[PDB]
Amino acid sequence: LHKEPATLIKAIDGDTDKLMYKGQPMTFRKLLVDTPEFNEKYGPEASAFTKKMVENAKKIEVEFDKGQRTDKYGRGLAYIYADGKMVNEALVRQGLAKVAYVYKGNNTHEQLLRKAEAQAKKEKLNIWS
Ligand SMILES: Cc1cn([C@H]2C[C@H](OP(=O)(O)O)[C@@H](COP(=O)(O)O)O2)c(=O)[nH]c1=O
Ligand SMILES: [Ca+2]
């Protein structure tokens, strides 16, 4: 997989961000994760976590997997990176997202995230408390 540049247009919630990619605006949905919606427990905290990460980053990057790049809703499917740190992984490690939506052909980082989830659960963090 390769990292590609993107610029933050607007943080939306734990799972999504409006980004400029190849000079066009696009909602990006994080691969391999499911965060609670704002109205659910830890939803607000998830949104806040990701917002801070992407807003404070000097460099935002997107990494497509080997499979589908856009979902049924026109959203880009990618690993999102803030100053080299994957937001997808960080959410799971902090117990603010579960590993989810793992489809064949789009699961390069499955094990990495699952490892993070186990550590979050072991630490009884957030979703796991
Ligand atoms: C993460 C992800 C979600 N999606 C779709 C499946 C789910 O369909 P449904 O909308 O029919 O439930 C939905 C979940 O996204 P959200 O979790 O943002 O709602 O997005 C994919 O198709 N591929 C993916 O990799
Ligand atoms: Ca969600």
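By Swiss-Prot numbering, chain A shows 86-124, 131-220, in order.
Quick reminder: no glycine exception, Cβ is built from N, Cα and C everywhere.
Summarising the annotation, Swiss-Prot assigns Ca(2+) binding site to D100, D119, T120. Annotated active site per Swiss-Prot: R114, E122, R166, in sequence order, evidence recorded as similarity to another entry.
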Q) Which residues, sitting 6 or more apart from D100 (Ca(2+) binding site) on the same chain, put a CB under 8 Å from its CB? A) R114, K115, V118, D119, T120, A188
Q | Neighbourhood of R166 (active site), C-beta criterion under 8 angstroms, separation at least six | A | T101, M111, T112, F113, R114
Q) Among the recorded positions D100, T120, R166, which have a Cβ atom lying under 6 Å from any atom of ligand 1? A) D100
Q. Once the DSSP letters are reduced so that anything not helix or strand counts as coil, what is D100 (Ca(2+) binding site)?
A. coil
**Q.** Cβ under 6 Å from ligand 2: qualifying recorded positions of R114, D119, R166
**A.** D119
Q) Taking the centroid of the Cβ atoms of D100, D119, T120 (Ca(2+) site), which other same-chain residues have Cβ within 8 Å of it? A) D98, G99, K115, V118, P121, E122, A137, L182, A188, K189, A191
Q. Including all protein chains shown, what's the count of other C-beta atoms within 10 A of the C-beta of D119 (Ca(2+) binding site)?
A. 16
